[PDB]
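Colleague: My complex, part one, positions kept as in the full thing:
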Amino acid sequence: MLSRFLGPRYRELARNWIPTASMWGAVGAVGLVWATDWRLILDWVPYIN
Amino acid sequence: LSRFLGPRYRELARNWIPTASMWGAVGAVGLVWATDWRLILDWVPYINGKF
Amino acid sequence: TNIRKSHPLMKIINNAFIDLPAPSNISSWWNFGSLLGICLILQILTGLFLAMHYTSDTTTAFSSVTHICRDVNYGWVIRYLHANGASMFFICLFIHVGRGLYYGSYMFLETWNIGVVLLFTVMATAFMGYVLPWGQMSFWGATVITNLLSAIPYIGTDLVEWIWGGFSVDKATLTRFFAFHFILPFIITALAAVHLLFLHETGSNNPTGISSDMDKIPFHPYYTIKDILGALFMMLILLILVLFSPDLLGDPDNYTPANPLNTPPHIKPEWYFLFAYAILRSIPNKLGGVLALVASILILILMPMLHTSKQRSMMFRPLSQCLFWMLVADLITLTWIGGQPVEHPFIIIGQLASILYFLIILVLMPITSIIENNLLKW
């Protein structure tokens, strides 16, 4: 039923938005590492201990 | 002022003082029912509401 | 399409805050309406924290307030936010009323009359909360009001033995003071929504008094950024008081528990009730005292029909501006006299300044506006 998302040029629209969407998964890898102070990835970089 | 004075203003007040004392006397007897006004409760002693 | 104009919830937000037409020359005296709405939300959230640890019983009321300042974590910052946030509310409220009086905003009749109701309801709320800690000013403040509240001629003594639970002061006494004080700030919120609904019919006044439909600007972004900035400057001043002087505005005598047997050296309310207290003690009667206290807030509702000038605001009226600040310098006099003891110099000054508060509003202001009309040939 959801082959409205199935067009020859509709999957062309994923190619020009995933470079913006390649990155905000790494904001959660950096933003509540800030907030809730997770000690897992404070082991990672020698800037912070 | 004189914008409200005339023979027509208290014309309809003389027609509405019967609709006025009924504005007032109903609210005056409405004020005993609400807050159990006990010095006017037995104004007429037929209301023995307090047990 | 434009979802700001066709969605059922987003339409209401857009018509009220985003696309609202506003005058372009609005001053920072027009900032204090949203400051009052910030002060109200702050008092509600902080008060809902204190109510989980307070006990309304005259043997453990003073001890449950010392417990939160010493035992409960962050209880000392939240308690002194609440006491100092109430002084912040009353200083913004007096700026707000003085603005609408100087610039003639009372001509919005439905907006002005909902405002006089809101002024009574916050004054009664703040009175009930100052009884709850139950130190020696919560005691001698409660009894001064309720023996003055036995001078109502036919239902007076019926109403004084209702609020103490039936009695003198006991465990069930401050359950009614506490329940009134819980409920009234949520009625204040509902009356402030209706307050703004009637102002949305005309829009705002401006410092010139002259209508400005030819010069509107949208509310966003020009007054969304100007109101955020004034709110941050108000949270700065409030925290200067909480963190560097939390006992500056209070009285030391409320750190002694309530004792009918001991004696307090003076009776001094909070600073924002001191002007009303000075009008009370100038009337040697107890029916004419409670009348003149209630007639000093209720005189605001006569301001629309006492207006005899051809112009709306005081910007172009230089004789009405000398009388406006004679009235402000008379409320400063009545605040000072209300915190002094009752001896010879402070007894004639106190009653000659209670007369001047009613002589300016009722007599001298409507006569001065007619002299100004005649010097301009209308």
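Modeller: Arrived safely, thanks for sending. Numbering: from 1, shown residues only, chains lettered A, B, ... in the order given.

Colleague: so residue C:105 makes contact with residue C:203?
Modeller: No: contact criterion CB atoms under 8 Å: residue C:105 and residue C:203 do not qualify, at 11.7 Å. Where you see a C-beta, it was placed from the backbone N, CA and C, and this is true even at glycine.

Colleague: which one of these two has more residues nearby?
Modeller: residue C:105 (22 against 16; other CB atoms under 10 Å in any protein chain shown).

Colleague: Close to chain B: what parts of chain C are there?
Modeller: Residues of chain C found near chain B (CB under 8 Å from any CB of the partner chain) are C:154, C:155, C:158.

Colleague: Dump those residues to JSON lines, plus secondary structure.
Modeller: Formatted as JSON lines, those follow (DSSP: H, G, I helix; E, B strand; the rest coil):
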{"residue": "C:154", "secondary structure": "coil"}
{"residue": "C:155", "secondary structure": "coil"}
{"residue": "C:158", "secondary structure": "helix"}
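
Colleague: among these, who's most crowded?
Modeller: Neighbour-wise, the residues of chain C next to chain B (other CB under 10 Å) top out at residue C:158, 15 neighbours.

Colleague: where do the strands sit along chain C?
Modeller: Along chain C, counting by DSSP state E, strands occupy C:21-23, C:216-218.

Colleague: winner for burial among those strands?
Modeller: Mean neighbour count (mean count of other CB atoms under 10 Å in any protein chain shown) peaks for strand C:21-23 among the strands of chain C, with a mean of 17.

Colleague: strands paired with that one, and their directions?
Modeller: strand C:216-218 (antiparallel) (DSSP bridges).

Colleague: which other residues reach the strand it pairs with?
Modeller: Residues from elsewhere that reach strand C:216-218 (CB atoms under 8 Å, 6 or more residues apart in numbering or on different chains): C:18, C:19, C:20, C:21, C:22, C:23, C:24.

Colleague: how about residue C:287, what does it touch?
Modeller: Residue C:287 sits next to C:151, C:152, C:153 when contact means CB under 8 Å, 6+ apart.

Colleague: cool, residue C:222 as well?
Modeller: Residue C:222 is in contact with residue C:22, counting by CB under 8 Å, 6+ apart.

Colleague: Sequence for chain D below, add it please:
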Amino acid sequence: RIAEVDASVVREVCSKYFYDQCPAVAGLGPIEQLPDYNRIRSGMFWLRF
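Modeller: This next block brings in chain D, placed alongside the chains you saw above:
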């Protein structure tokens, strides 16, 4: 010169000339509902990308 143009060329030249720039505006007649210049200038960028 027309045969060289494709969709990635069009996407590149439009971002160079339109995206985040200040426009010039002229208006005449019953124009009370012409939006404020601040509201026009904010329409020249999208907060997604």
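
Colleague: quick recheck of the contacts of residue C:287 now chain D is there?
Modeller: Residue C:287 neighbours (CB under 8 Å, 6+ apart): C:151, C:152, C:153.

Colleague: Distance of it relative to chain D?
Modeller: In this view, residue C:287 and chain D are 59 Å apart by CB to the nearest CB, to the nearest Å.

Colleague: three-state assignment of the residue of chain D found nearest chain B?
Modeller: The minimum distance from chain D to chain B, using CB to the nearest CB, falls at residue D:32 (37.5 Å). Under three-state DSSP, the three-state class of residue D:32 is coil.

Colleague: number of nearby residues for it?
Modeller: Neighbours of residue D:32 (other CB under 10 Å): 8.

Colleague: So what does it look like in phi/psi?
Modeller: With angles defined as degrees, to the nearest 10, residue D:32 sits at phi -60, psi -20.

Colleague: Would you mind listing what in chain D touches chain C?
Modeller: Contact residues (CB under 8 Å from any CB) of chain D with chain C: D:36, D:38, D:39.

Colleague: quick one: residue C:111 and residue C:195 touch, right?
Modeller: Yes: in this structure, residue C:111 is within contact of residue C:195 by CB under 8 Å, at 6.4 Å.

Colleague: all helices for chain D, in order.
Modeller: D:7-17, D:37-42 (DSSP state H).

Colleague: Could you tell me how many residues sit around residue A:33?
Modeller: Counted with other CB under 10 Å, residue A:33 comes out at 17.

Colleague: In a helix, it, correct?
Modeller: Yes: under three-state DSSP, residue A:33 falls within a helix.

Colleague: Would you mind listing the buried residues in stretch C:204-224?
Modeller: Applying a neighbour-count criterion of 16 or more other CB atoms under 10 Å in any protein chain shown, the buried positions in stretch C:204-224 are C:204, C:205, C:206, C:207, C:209, C:212, C:217, C:218, C:219, C:220, C:223.

Colleague: quick one: the fourth one from residue C:313, how far?
Modeller: Computed with CB to CB, to the nearest Å, the distance linking residue C:207 and residue C:313 is 7 Å.

Colleague: what does the last one give?
Modeller: Shown here: residue C:223 relative to residue C:313, a distance of 20 Å by CB to CB.

Colleague: Using JSON lines, lay out the residues of chain D next to chain C together with distance to chain A and neighbour count.
Modeller: Formatted as JSON lines, these follow (distance: CB to the nearest CB, whole Å; neighbours: other CB atoms under 10 Å in any protein chain shown):
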{"residue": "D:36", "distance to chain A": "29", "neighbour count": "13"}
{"residue": "D:38", "distance to chain A": "26", "neighbour count": "13"}
{"residue": "D:39", "distance to chain A": "25", "neighbour count": "14"}
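
Colleague: same structure, new chain, call it chain E:
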Amino acid sequence: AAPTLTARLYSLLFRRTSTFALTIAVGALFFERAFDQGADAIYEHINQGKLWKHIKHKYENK
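Modeller: One more chain to add, chain E, which I have set with the ones above:
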């Protein structure tokens, strides 16, 4: 017409409109690394030999 160094970040990241709203999250790091060498260290310097952890050594050990 040699200009000054304003456009460090006008082109790369603060143009896409995303790190503009993401530097509340991505840009929330290493200033509680930095402004602790301020307030805390200024606090113990104005009050020298007056706090508990200054004087707690001579009551410590045994």
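
Colleague: and the contacts of residue C:222, now that chain E is part of it?
Modeller: C:22, D:38.

Colleague: Over to residue C:215?
Modeller: Residue C:215 makes contacts with C:23, C:24, C:25, as judged by CB under 8 Å, 6+ apart.

Colleague: Around chain D, pick out the residues from chain E.
Modeller: E:15, E:16, E:17, E:18, E:20, E:21.

Colleague: Kindly provide the distance from the third one to chain A.
Modeller: In other words, residue E:17. Counting by CB to the nearest CB, the gap from residue E:17 to chain A is 10 Å.

Colleague: which of the contacts of residue C:215 lies closest to chain D?
Modeller: Nearest to chain D among those, counting by CB to the nearest CB, is residue C:24 at 10.9 Å.

Colleague: And the closest one, its phi and psi?
Modeller: Reported as degrees, to the nearest 10, the phi and psi values for residue C:24 are phi -90, psi -10.

Colleague: What parts of chain A come near chain E?
Modeller: By the rule CB under 8 Å from any CB, the part of chain A lying against chain E is A:20, A:23, A:24, A:27, A:30, A:31, A:34, A:35, A:47, A:48.

Colleague: Can you name the residue of chain A nearest to chain E?
Modeller: Counting by CB to the nearest CB, chain A gets nearest to chain E through residue A:31 (3.4 Å).

Colleague: Now that residue: closest residue in space, sequence neighbours ignored.
Modeller: residue E:25 (3.4 Å; CB to CB, 6 or more residues apart in numbering or on different chains).

Colleague: Can you name the residues that contact the one you found?
Modeller: So residue E:25 contacts A:27, A:30, A:31, A:34 (CB under 8 Å, 6+ apart).

Colleague: Quick one: buried ones out of these?
Modeller: Taking 16+ other CB under 10 Å as the criterion, what is buried in the contacts of residue E:25 is A:27, A:31.

Colleague: okay, the contacts of residue E:25 in CSV with distance to residue C:240 next?
Modeller: Below are these laid out as CSV (distance: CB to CB, whole Å):
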residue, distance to residue C:240
A:27, 36
A:30, 35
A:31, 32
A:34, 29
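
Colleague: ok, so of the contacts of residue E:25, who is nearest chain C?
Modeller: Distances from chain C to these, taken by CB to the nearest CB, are shortest for residue A:34, at 22.3 Å.
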